[PDB]
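Have a look at the structure below, then the notes.
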Amino acid sequence: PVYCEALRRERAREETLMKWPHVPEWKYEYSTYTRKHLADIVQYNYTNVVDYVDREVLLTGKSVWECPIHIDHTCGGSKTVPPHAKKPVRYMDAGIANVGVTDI
Amino acid sequence: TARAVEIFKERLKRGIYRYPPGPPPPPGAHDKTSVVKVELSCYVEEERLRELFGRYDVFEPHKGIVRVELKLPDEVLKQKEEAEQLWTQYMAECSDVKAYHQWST
Amino acid sequence: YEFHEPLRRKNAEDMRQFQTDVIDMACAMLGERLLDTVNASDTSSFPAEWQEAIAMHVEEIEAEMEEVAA
Amino acid sequence: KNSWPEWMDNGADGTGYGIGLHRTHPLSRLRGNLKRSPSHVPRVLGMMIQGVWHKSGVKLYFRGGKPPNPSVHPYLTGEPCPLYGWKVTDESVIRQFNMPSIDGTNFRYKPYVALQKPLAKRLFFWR
Amino acid sequence: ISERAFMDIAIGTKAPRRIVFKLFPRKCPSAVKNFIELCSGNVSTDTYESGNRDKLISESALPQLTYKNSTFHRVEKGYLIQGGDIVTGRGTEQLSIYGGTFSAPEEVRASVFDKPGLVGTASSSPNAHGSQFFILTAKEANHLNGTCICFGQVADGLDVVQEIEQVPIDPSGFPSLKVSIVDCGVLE
Amino acid sequence: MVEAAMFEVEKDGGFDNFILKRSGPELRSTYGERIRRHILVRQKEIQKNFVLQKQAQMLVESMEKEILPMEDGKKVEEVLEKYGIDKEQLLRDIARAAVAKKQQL
Amino acid sequence: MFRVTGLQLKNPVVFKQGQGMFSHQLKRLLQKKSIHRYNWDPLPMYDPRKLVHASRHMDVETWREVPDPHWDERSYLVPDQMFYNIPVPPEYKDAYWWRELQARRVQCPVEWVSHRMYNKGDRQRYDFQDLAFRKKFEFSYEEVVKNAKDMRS
Amino acid sequence: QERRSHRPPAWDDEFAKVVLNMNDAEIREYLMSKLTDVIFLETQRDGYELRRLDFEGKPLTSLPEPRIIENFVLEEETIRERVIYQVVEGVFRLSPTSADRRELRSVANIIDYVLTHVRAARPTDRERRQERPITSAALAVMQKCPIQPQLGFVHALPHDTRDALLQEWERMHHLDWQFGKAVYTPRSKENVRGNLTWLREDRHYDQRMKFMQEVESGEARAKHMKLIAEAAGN
Amino acid sequence: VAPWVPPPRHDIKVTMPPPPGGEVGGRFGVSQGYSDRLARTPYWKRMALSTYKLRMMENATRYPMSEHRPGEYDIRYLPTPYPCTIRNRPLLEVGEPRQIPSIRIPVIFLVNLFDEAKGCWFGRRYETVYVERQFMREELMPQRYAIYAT
Amino acid sequence: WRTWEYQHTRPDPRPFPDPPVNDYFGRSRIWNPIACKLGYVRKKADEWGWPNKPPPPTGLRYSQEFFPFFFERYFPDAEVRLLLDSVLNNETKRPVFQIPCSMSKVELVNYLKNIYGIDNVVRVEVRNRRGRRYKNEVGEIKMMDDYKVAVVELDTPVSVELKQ
Amino acid sequence: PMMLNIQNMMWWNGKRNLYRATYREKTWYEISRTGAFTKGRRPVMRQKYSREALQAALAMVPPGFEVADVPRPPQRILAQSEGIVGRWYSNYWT
Ligand SMILES: NC(=O)c1ccc[n+]([C@@H]2O[C@H](COP(=O)([O-])OP(=O)(O)OC[C@H]3O[C@@H](n4cnc5c(N)ncnc54)[C@H](O)[C@@H]3O)[C@@H](O)[C@H]2O)c1
């Protein structure tokens, strides 16, 4: 009984961490709340680096490929969603993009 | 940590730890019970097997047996699965042939 | 183990007390049977020391009954 | 009764030394009065907003001006003794930085990896 | 190196009987040295009045590294007999010469138990060994391979072991008769 | 309790029988749970006392075959010491049985 | 409820109810929500892990319990968080009836998942047993298509 | 915790046996009479007559009153030390502790003190067992007995947090059996009549004995073989 | 948090689901039982582990009664998943006074009891006597002179 | 009351409460003691990759070998910045440094003794300091990380000359 | 309290009655639909077997049985049929 109780307490402390706290995998509230407008994004993550690098490329001519500043399009909202979040699969979407027409 | 948790779970399954320092008692001196595996050609009720293998000298409802558990080998289980798969295929093919030749006849 | 050791120590003590009570009730039944067989059957009596002890303890128990009744 | 030591409650020293919020290490055996419970939040928030008023007449925790940050306190290392200024009961809490030994490659390495002059005040350096 | 030890075991008021252990230092130099030092028990540290006063405590107040006045706490009839606890006679804590407990993984791996009457280190963990030693009594215990470490064997005194094993067990879990160790020494 | 509870506890034939027939959510009270645990442990003690009395009966029936003649007092003492039953308390119990029989008659 | 309680407590303790930045920040920080974990009501009257040694015979030689396989089988398992499952004789399982309900119920306030029972789809796809909102089985679209195509309809 | 019965080395084994042969409730009256006589002697020597005197001719009564003895307390040293040296060392051969002398003022405290000491001097259950062990023949017959007792049922008691004063008030107001409460007292012998549990156990034991008779006669194996033959035939 | 979720009650059938928890003894409010193991078990595995006779014996229905709660109808057959009320109901309906008379209960005596006041026997040994409820509850039962007649 | 006129939607509470995000970036910024579920979730996820990987046992979790403590002990991370004005072109006996708030006097003296070899340290004067706050061109309030000021005292005055 | 005509609804004011079921299997409107509950003008068995299948279903009927034995279930019992299963003759509607 002593060894069994130790084993069961270990299993209990394992399952508690595995199941708690229970957060939902994904809900539409995530995408509803982490939506910020262009003005809000610009107000949130802006530095003089963009204007300075614009002047620098205008004066030099070097080709820049990646943006010089990391843009967080959520304005600090992406850190609110749990890390294991992923969009669920939606079967039979009511859209026309999956047909891939090129003539209309 | 993966290697370590594997080793530790193996040790725990072996059951070698004991708070009073010292080797644990042996398993053979403890397991005061026996198991009997009987092969049957068809399914039989557990209460039937119990009343047929019960000890006639034990005045207890368990009749000298603890538990009777029925199982099927993995070979025959896979055989039954393949058999039902083939049976579904055969039903589909027979219905297809019937509905295809009902108009040809 | 610290939680489970007294739980089995108490059971062991209870088993020992059960055996002691078994011995005591067996002695009581022995007394009752020897008594209701000696006074029933004939040519079967206790030794002299046993008879003297039984008589003195009978007198003591009668005195105790008188004390508890008074 | 509380879980944190009664000297943490009211400092054993006469001048109230050792009173306030003391964060403890997770592996440390000592406990602190920093608890995030819904029932322990009022007192721990009052300790930051107002502070504790002592009988001697001096305000020990949050004397005024700037509120402290209890989450960034270095972990507790011991308990105050009246004989000395401080009594250390846990030595593993105090981190001990240690340098690795030198080696033929160690003294040959450099911070950056080698990929295959007059200072001029500039308003912006790209890289 | 002296590879022979002896102990005097007494069962309550009975006469002390001699038991002899023969150890193998080649396959496990740590446990054999620990057992030899614990059976020797160099505790002749004699202090003076002023010395004891400035130290405030006799050095004998702490547990002494010797099997003297020890007891055999675990005596199970048919399997083995365990004893040698130092800090207390109950058998709930170990203590080695190096410190609280040592470890010898390369030795405990190759340690095997194939004979009746072997001697091993009674431990809770395969790498947490102390002063508690157990003498096996059963035929063979192969389930202990790779868990405990064997260092020696009872050379003379199998009759003593079998006589100690036949002690009635008190409901408290300990032997009813206090099986203790009168003296213990090393023979060169 | 309620009047209907009194009626049903008189119907089923006893408070203990009622508390044992009711189980789990059917017995929502906590006084009932406490008194049921007490009744359970008391019943276990009753069974233990029954086993005790049966053991005593078997012991006296086994050892009476050696003191039935009561021909040699030393032989009776040997039979008593074979099992280890005290003699002074035995004589005391004999005297108590004598006084009880005298009071009965 | 808890938010209002904490707000009143902080207002009575450390809030001066002035335009100070302290109170201005408290009025917004107190709206944060604390951790919620369903704590089952402990039973000090009856300790379930104590009845392990109950209703068991013991060997008179070694003075320890007998590992009865019949008892080990018929033992009823009571659940608890620190003591995940505990065996207990079936005679004493009646006193632990409420722990069974508290364990079967989802460890979450019903009004957080009440959006399930308020629609027909979830009312049909979910289970409501002892207030346990655990989703039932549901075939995949590929699975149902394969089943129907094998059934030829 | 293991308890060891200890006897002070003040008295010898003979006096120890003489004292231990007395029952506590019976030796209490002996102690009471001894202390009453010595207190009466002390009061007569001092000059204060504790005994009642009729105003008609001033005669002395028979003996001091037990209620007066219980109400009498020791406050003067010349009285308390005298009675202590007279009864504690004289008739019981005990010695008091310096700190214990602070509580030894009351005569009821003296009674409780000497009672606790004689209870401690009385042997314990472990010592009684070590004196009288169980024999192999008794073990053999108890094993041959078919039924065996079940244990551990004491663990099924409802364990609650109760104070001594609360329990005493409960006992005084008869609340021990109110609101689904009870008191567990171990009883070796049980009253056997109208006991449904005992009747069920008697019936079970009789059925077990009949089953034993059947299996000894061989009819049980006959029925089992008949069932086997029926299952083989159907 | 729940580390171990108790399995559904009376889950002994290999193919059919167990009866509702309210019918087994748990909480009411549901009209159908469910088992995660029986749901996740494939149909071919069910048919392999079972046989036709066992399937028929498990599909044997007791409409419209119940097997585990005898004497009353099944909660799934009832309109509301809660048990019936007209069978077991309070002893006093709404708008009804408590005009219940004094009932006399049968009791089995264990000893020849002789009433000294009236000068007669209350009941012979092992005799079934119709006695007063309060009398049996407060006087006969405690002295163990008689036990309830069942 | 006409309840049938409305549909089944919960109206917003009046007055509406503010978001729990603290928007003050001044001298009196307060640390929120209330613990959120997302904090525990993120802690567990960074600890042992929840919920993909199985959780390590309680022994390894509470031991000194758990990955965060092991990495903090074998690869310490402490940002120690020297003020150039305090020691540049002036023989100063009290050089000042900037450290994280989780360090102490003993931590800093051990740091300087073991890593940089500055053993002769007389006394370290500790004084916390709120992080530097500023506004950018668009007016967004961005505050630098907090830092603890330390004023270490040496036996000999030191100076690093700037070759002009 | 007595909750005399109090409009306590979660969507109305966020307060619910203290004595009520947190879950309802069938809304009160569904219970009132006695036409779908009882057997009124409505079929109860949706399985239609062939002639050979009916003879196989009638083969498992035990001898000594009679239709007069099975009574009509009361109105407070749902009219459902599980098809041809074990002891199907006991079901009145089947
Ligand atoms: N008020 C009414 O009862 C009502 C109203 C309209 C029509 N009907 C018709 O009356 C007949 C008997 O009604 P009832 O109430 O006695 O029984 P029912 O309709 O309730 O049950 C008849 C059983 O036979 C089956 N069945 C029905 N029509 C069938 C067919 N053509 N071939 C094979 N199986 C068939 C049903 O599915 C059911 O199993 C049915 O044809 C029904 O459609 C009845």
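So you can find residues: chains in the structure tokens are A, B, ... in the order shown, residues in each start at 1, and ligands are numbered from 1 in order.
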
(message) Please extract the residues of range 25-150 of chain I with a backbone DSSP assignment of alpha helix (DSSP H) and present them as a PyMOL selection string.
(response) chain I and resi 36-40+43-49+52-59+133-135

Quick one: write out the picked residues with N, CA, C and O atoms as a PDB file, in the first residue's frame?
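Written out: again_25.pdb:
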```
ATOM      1  N   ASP I  36     -17.747   6.259 -23.120  1.00  0.00           N
ATOM      2  CA  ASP I  36     -16.676   6.646 -24.030  1.00  0.00           C
ATOM      3  C   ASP I  36     -15.990   5.421 -24.619  1.00  0.00           C
ATOM      4  O   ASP I  36     -15.660   5.398 -25.812  1.00  0.00           O
ATOM      5  N   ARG I  37     -15.768   4.389 -23.802  1.00  0.00           N
ATOM      6  CA  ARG I  37     -15.128   3.176 -24.304  1.00  0.00           C
ATOM      7  C   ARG I  37     -16.003   2.474 -25.335  1.00  0.00           C
ATOM      8  O   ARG I  37     -15.508   2.039 -26.381  1.00  0.00           O
ATOM      9  N   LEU I  38     -17.304   2.359 -25.063  1.00  0.00           N
ATOM     10  CA  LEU I  38     -18.197   1.704 -26.011  1.00  0.00           C
ATOM     11  C   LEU I  38     -18.373   2.530 -27.276  1.00  0.00           C
ATOM     12  O   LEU I  38     -18.609   1.970 -28.353  1.00  0.00           O
ATOM     13  N   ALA I  39     -18.257   3.855 -27.174  1.00  0.00           N
ATOM     14  CA  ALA I  39     -18.346   4.691 -28.365  1.00  0.00           C
ATOM     15  C   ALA I  39     -17.088   4.577 -29.215  1.00  0.00           C
ATOM     16  O   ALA I  39     -17.169   4.458 -30.443  1.00  0.00           O
ATOM     17  N   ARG I  40     -15.914   4.609 -28.582  1.00  0.00           N
ATOM     18  CA  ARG I  40     -14.661   4.526 -29.324  1.00  0.00           C
ATOM     19  C   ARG I  40     -14.367   3.117 -29.820  1.00  0.00           C
ATOM     20  O   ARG I  40     -13.558   2.957 -30.740  1.00  0.00           O
ATOM     21  N   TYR I  43     -17.094  -1.004 -34.419  1.00  0.00           N
ATOM     22  CA  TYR I  43     -18.226  -1.917 -34.548  1.00  0.00           C
ATOM     23  C   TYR I  43     -17.760  -3.337 -34.843  1.00  0.00           C
ATOM     24  O   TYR I  43     -18.345  -4.308 -34.344  1.00  0.00           O
ATOM     25  N   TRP I  44     -16.708  -3.480 -35.652  1.00  0.00           N
ATOM     26  CA  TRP I  44     -16.188  -4.812 -35.934  1.00  0.00           C
ATOM     27  C   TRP I  44     -15.611  -5.450 -34.678  1.00  0.00           C
ATOM     28  O   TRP I  44     -15.773  -6.656 -34.459  1.00  0.00           O
ATOM     29  N   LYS I  45     -14.955  -4.657 -33.828  1.00  0.00           N
ATOM     30  CA  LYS I  45     -14.435  -5.201 -32.580  1.00  0.00           C
ATOM     31  C   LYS I  45     -15.567  -5.598 -31.641  1.00  0.00           C
ATOM     32  O   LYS I  45     -15.472  -6.614 -30.942  1.00  0.00           O
ATOM     33  N   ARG I  46     -16.649  -4.815 -31.613  1.00  0.00           N
ATOM     34  CA  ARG I  46     -17.819  -5.209 -30.834  1.00  0.00           C
ATOM     35  C   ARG I  46     -18.365  -6.548 -31.314  1.00  0.00           C
ATOM     36  O   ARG I  46     -18.585  -7.468 -30.516  1.00  0.00           O
ATOM     37  N   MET I  47     -18.587  -6.671 -32.625  1.00  0.00           N
ATOM     38  CA  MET I  47     -19.142  -7.906 -33.169  1.00  0.00           C
ATOM     39  C   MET I  47     -18.197  -9.085 -32.978  1.00  0.00           C
ATOM     40  O   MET I  47     -18.649 -10.230 -32.872  1.00  0.00           O
ATOM     41  N   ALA I  48     -16.888  -8.830 -32.932  1.00  0.00           N
ATOM     42  CA  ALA I  48     -15.938  -9.909 -32.701  1.00  0.00           C
ATOM     43  C   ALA I  48     -15.956 -10.358 -31.247  1.00  0.00           C
ATOM     44  O   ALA I  48     -15.968 -11.561 -30.962  1.00  0.00           O
ATOM     45  N   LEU I  49     -15.964  -9.408 -30.312  1.00  0.00           N
ATOM     46  CA  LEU I  49     -15.990  -9.751 -28.896  1.00  0.00           C
ATOM     47  C   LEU I  49     -17.343 -10.274 -28.438  1.00  0.00           C
ATOM     48  O   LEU I  49     -17.425 -10.852 -27.350  1.00  0.00           O
ATOM     49  N   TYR I  52     -24.104 -13.738 -31.210  1.00  0.00           N
ATOM     50  CA  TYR I  52     -25.507 -13.421 -31.469  1.00  0.00           C
ATOM     51  C   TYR I  52     -26.375 -13.632 -30.234  1.00  0.00           C
ATOM     52  O   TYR I  52     -27.264 -12.820 -29.942  1.00  0.00           O
ATOM     53  N   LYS I  53     -26.140 -14.720 -29.497  1.00  0.00           N
ATOM     54  CA  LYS I  53     -26.943 -14.988 -28.308  1.00  0.00           C
ATOM     55  C   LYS I  53     -26.728 -13.918 -27.245  1.00  0.00           C
ATOM     56  O   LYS I  53     -27.687 -13.446 -26.624  1.00  0.00           O
ATOM     57  N   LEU I  54     -25.472 -13.521 -27.027  1.00  0.00           N
ATOM     58  CA  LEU I  54     -25.192 -12.452 -26.076  1.00  0.00           C
ATOM     59  C   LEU I  54     -25.816 -11.138 -26.528  1.00  0.00           C
ATOM     60  O   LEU I  54     -26.331 -10.371 -25.706  1.00  0.00           O
ATOM     61  N   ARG I  55     -25.779 -10.862 -27.833  1.00  0.00           N
ATOM     62  CA  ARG I  55     -26.393  -9.646 -28.354  1.00  0.00           C
ATOM     63  C   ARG I  55     -27.889  -9.627 -28.081  1.00  0.00           C
ATOM     64  O   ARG I  55     -28.439  -8.602 -27.666  1.00  0.00           O
ATOM     65  N   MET I  56     -28.566 -10.754 -28.311  1.00  0.00           N
ATOM     66  CA  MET I  56     -29.997 -10.815 -28.031  1.00  0.00           C
ATOM     67  C   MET I  56     -30.275 -10.670 -26.540  1.00  0.00           C
ATOM     68  O   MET I  56     -31.210  -9.962 -26.142  1.00  0.00           O
ATOM     69  N   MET I  57     -29.468 -11.322 -25.697  1.00  0.00           N
ATOM     70  CA  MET I  57     -29.683 -11.227 -24.256  1.00  0.00           C
ATOM     71  C   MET I  57     -29.446  -9.813 -23.740  1.00  0.00           C
ATOM     72  O   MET I  57     -30.084  -9.397 -22.765  1.00  0.00           O
ATOM     73  N   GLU I  58     -28.541  -9.063 -24.370  1.00  0.00           N
ATOM     74  CA  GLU I  58     -28.321  -7.678 -23.967  1.00  0.00           C
ATOM     75  C   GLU I  58     -29.387  -6.745 -24.526  1.00  0.00           C
ATOM     76  O   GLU I  58     -29.765  -5.775 -23.861  1.00  0.00           O
ATOM     77  N   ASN I  59     -29.881  -7.018 -25.733  1.00  0.00           N
ATOM     78  CA  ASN I  59     -30.956  -6.226 -26.314  1.00  0.00           C
ATOM     79  C   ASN I  59     -32.319  -6.555 -25.723  1.00  0.00           C
ATOM     80  O   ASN I  59     -33.294  -5.871 -26.050  1.00  0.00           O
ATOM     81  N   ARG I 133     -47.495   1.800  18.513  1.00  0.00           N
ATOM     82  CA  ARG I 133     -46.238   2.218  17.902  1.00  0.00           C
ATOM     83  C   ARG I 133     -45.312   2.858  18.928  1.00  0.00           C
ATOM     84  O   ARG I 133     -44.137   2.489  19.036  1.00  0.00           O
ATOM     85  N   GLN I 134     -45.826   3.830  19.686  1.00  0.00           N
ATOM     86  CA  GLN I 134     -45.011   4.490  20.701  1.00  0.00           C
ATOM     87  C   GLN I 134     -44.574   3.508  21.781  1.00  0.00           C
ATOM     88  O   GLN I 134     -43.435   3.567  22.260  1.00  0.00           O
ATOM     89  N   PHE I 135     -45.469   2.600  22.176  1.00  0.00           N
ATOM     90  CA  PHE I 135     -45.122   1.588  23.167  1.00  0.00           C
ATOM     91  C   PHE I 135     -43.939   0.753  22.694  1.00  0.00           C
ATOM     92  O   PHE I 135     -42.936   0.613  23.405  1.00  0.00           O
TER      93      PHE I 135
END
```

(request) Go through the chains and note each residue within 8 Å of ligand 1, using only C-alpha atoms and all ligand atoms, then give the set as a VMD selection string. (result) chain K and resid 39 to 49 94

(request) Please measure the separation of CA of residue 22 in chain D and CA of residue 73 in chain D, giving the value in Å to one decimal. (result) 7.0 Å

(request) Name the residues in contact with residue 68 in chain A at a cut-off of 8 Å, using only C-alpha atoms, excluding same-chain residues fewer than 4 positions from it; report them as a list in words. (result) residues 49, 50 and 53 of chain A

(message) Could you tell me which residues of chain G sit within 7 Å of chain A when counting only C-alpha atoms, and give me the result as a PyMOL selection string?
(response) chain G and resi 81-85

May I have the selected residues written with N, CA and C atoms, as an mmCIF file, in the first residue's frame?
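Below is the file out_11.cif, written as the result:
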```cif
data_model
loop_
_atom_site.group_PDB
_atom_site.id
_atom_site.type_symbol
_atom_site.label_atom_id
_atom_site.label_comp_id
_atom_site.auth_asym_id
_atom_site.auth_seq_id
_atom_site.Cartn_x
_atom_site.Cartn_y
_atom_site.Cartn_z
ATOM 1 N N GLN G 81 -7.805 14.417 -5.948
ATOM 2 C CA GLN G 81 -6.793 15.074 -6.768
ATOM 3 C C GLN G 81 -5.380 14.775 -6.276
ATOM 4 N N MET G 82 -5.122 14.965 -4.982
ATOM 5 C CA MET G 82 -3.794 14.674 -4.456
ATOM 6 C C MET G 82 -3.545 13.178 -4.324
ATOM 7 N N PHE G 83 -4.605 12.374 -4.372
ATOM 8 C CA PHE G 83 -4.560 10.947 -4.083
ATOM 9 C C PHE G 83 -5.358 10.199 -5.152
ATOM 10 N N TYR G 84 -4.946 10.386 -6.409
ATOM 11 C CA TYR G 84 -5.723 10.217 -7.636
ATOM 12 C C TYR G 84 -6.861 9.211 -7.514
ATOM 13 N N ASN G 85 -6.563 7.969 -7.147
ATOM 14 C CA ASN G 85 -7.609 6.992 -6.873
ATOM 15 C C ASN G 85 -7.244 6.218 -5.616
#
```

(request) Give as a PyMOL selection string every residue of chain H that touches chain E within 12 Å, counting only C-alpha atoms. (result) chain H and resi 1-2+126-127+129-130+133-134

Go ahead and save the residues from that selection, with N, CA and C atoms, as a tab-separated table (two decimals), in the first residue's frame.
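New file selection19.tsv:
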```tsv
chain	number	residue	atom	x	y	z
H	1	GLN	N	3.17	5.32	20.66
H	1	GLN	CA	4.43	5.31	21.41
H	1	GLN	C	4.45	4.18	22.43
H	2	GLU	N	5.61	3.53	22.55
H	2	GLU	CA	5.74	2.41	23.47
H	2	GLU	C	5.82	2.91	24.91
H	126	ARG	N	1.86	-4.83	27.00
H	126	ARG	CA	3.02	-5.46	26.39
H	126	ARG	C	3.76	-6.33	27.39
H	127	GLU	N	3.90	-5.85	28.63
H	127	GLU	CA	4.56	-6.64	29.66
H	127	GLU	C	3.74	-7.87	30.03
H	129	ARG	N	1.80	-9.49	27.99
H	129	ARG	CA	1.99	-10.42	26.88
H	129	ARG	C	3.35	-11.10	26.96
H	130	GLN	N	4.41	-10.33	27.24
H	130	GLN	CA	5.74	-10.91	27.39
H	130	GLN	C	5.78	-11.91	28.53
H	133	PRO	N	2.89	-15.75	27.08
H	133	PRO	CA	2.81	-15.84	25.62
H	133	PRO	C	1.74	-16.84	25.19
H	134	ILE	N	1.55	-16.94	23.88
H	134	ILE	CA	0.59	-17.85	23.27
H	134	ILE	C	1.31	-19.12	22.85
```

(request) Could you give me, as an MDAnalysis selection string, the residues within 12 Å of range 99-105 of chain D, counting only C-alpha atoms and dropping anything in the same chain fewer than 6 positions from it? (result) chainID J and resid 73:76 110:117

Could you write out that same residue set with N, CA, C and O atoms as a JSON list (two decimals), in the first residue's frame?
```json
[["chain", "number", "residue", "atom", "x", "y", "z"],
["J", 73, "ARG", "N", 21.91, 28.34, -13.78],
["J", 73, "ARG", "CA", 23.11, 28.09, -12.98],
["J", 73, "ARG", "C", 24.35, 27.84, -13.83],
["J", 73, "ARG", "O", 25.45, 28.24, -13.44],
["J", 74, "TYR", "N", 24.20, 27.19, -14.99],
["J", 74, "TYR", "CA", 25.35, 26.90, -15.84],
["J", 74, "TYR", "C", 25.58, 27.95, -16.92],
["J", 74, "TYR", "O", 26.68, 28.00, -17.49],
["J", 75, "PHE", "N", 24.59, 28.79, -17.21],
["J", 75, "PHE", "CA", 24.71, 29.86, -18.20],
["J", 75, "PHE", "C", 24.00, 31.09, -17.64],
["J", 75, "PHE", "O", 22.91, 31.46, -18.09],
["J", 76, "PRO", "N", 24.58, 31.74, -16.63],
["J", 76, "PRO", "CA", 23.90, 32.86, -15.99],
["J", 76, "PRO", "C", 23.71, 34.02, -16.96],
["J", 76, "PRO", "O", 24.51, 34.24, -17.87],
["J", 110, "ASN", "N", 30.07, 38.91, -6.05],
["J", 110, "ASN", "CA", 30.48, 37.61, -6.58],
["J", 110, "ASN", "C", 30.61, 37.65, -8.09],
["J", 110, "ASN", "O", 31.54, 37.06, -8.66],
["J", 111, "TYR", "N", 29.70, 38.36, -8.77],
["J", 111, "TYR", "CA", 29.79, 38.53, -10.21],
["J", 111, "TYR", "C", 31.12, 39.17, -10.60],
["J", 111, "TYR", "O", 31.86, 38.63, -11.43],
["J", 112, "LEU", "N", 31.44, 40.31, -9.99],
["J", 112, "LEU", "CA", 32.67, 41.02, -10.34],
["J", 112, "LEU", "C", 33.91, 40.24, -9.93],
["J", 112, "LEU", "O", 34.96, 40.37, -10.57],
["J", 113, "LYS", "N", 33.82, 39.44, -8.87],
["J", 113, "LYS", "CA", 34.99, 38.69, -8.42],
["J", 113, "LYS", "C", 35.27, 37.48, -9.31],
["J", 113, "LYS", "O", 36.43, 37.18, -9.61],
["J", 114, "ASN", "N", 34.22, 36.79, -9.76],
["J", 114, "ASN", "CA", 34.41, 35.56, -10.51],
["J", 114, "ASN", "C", 34.53, 35.79, -12.01],
["J", 114, "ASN", "O", 35.35, 35.14, -12.67],
["J", 115, "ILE", "N", 33.75, 36.70, -12.58],
["J", 115, "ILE", "CA", 33.74, 36.88, -14.02],
["J", 115, "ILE", "C", 34.82, 37.86, -14.45],
["J", 115, "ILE", "O", 35.68, 37.54, -15.27],
["J", 116, "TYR", "N", 34.80, 39.07, -13.88],
["J", 116, "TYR", "CA", 35.74, 40.12, -14.27],
["J", 116, "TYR", "C", 36.96, 40.20, -13.37],
["J", 116, "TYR", "O", 37.91, 40.92, -13.70],
["J", 117, "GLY", "N", 36.97, 39.49, -12.24],
["J", 117, "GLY", "CA", 38.14, 39.45, -11.39],
["J", 117, "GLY", "C", 38.31, 40.64, -10.47],
["J", 117, "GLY", "O", 39.39, 40.79, -9.88]]
```

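Reported to one decimal place, the separation of CA of residue 61 in chain G from CA of residue 212 in chain H is 26.8 Å.
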
(message) I'd like the contact shell of range 138-141 of chain J - 10 Å cut-off, only C-alpha atoms, skipping same-chain residues fewer than 6 positions apart - returned as a PyMOL selection string.
(response) (chain A and resi 42-48) or (chain J and resi 23-26)
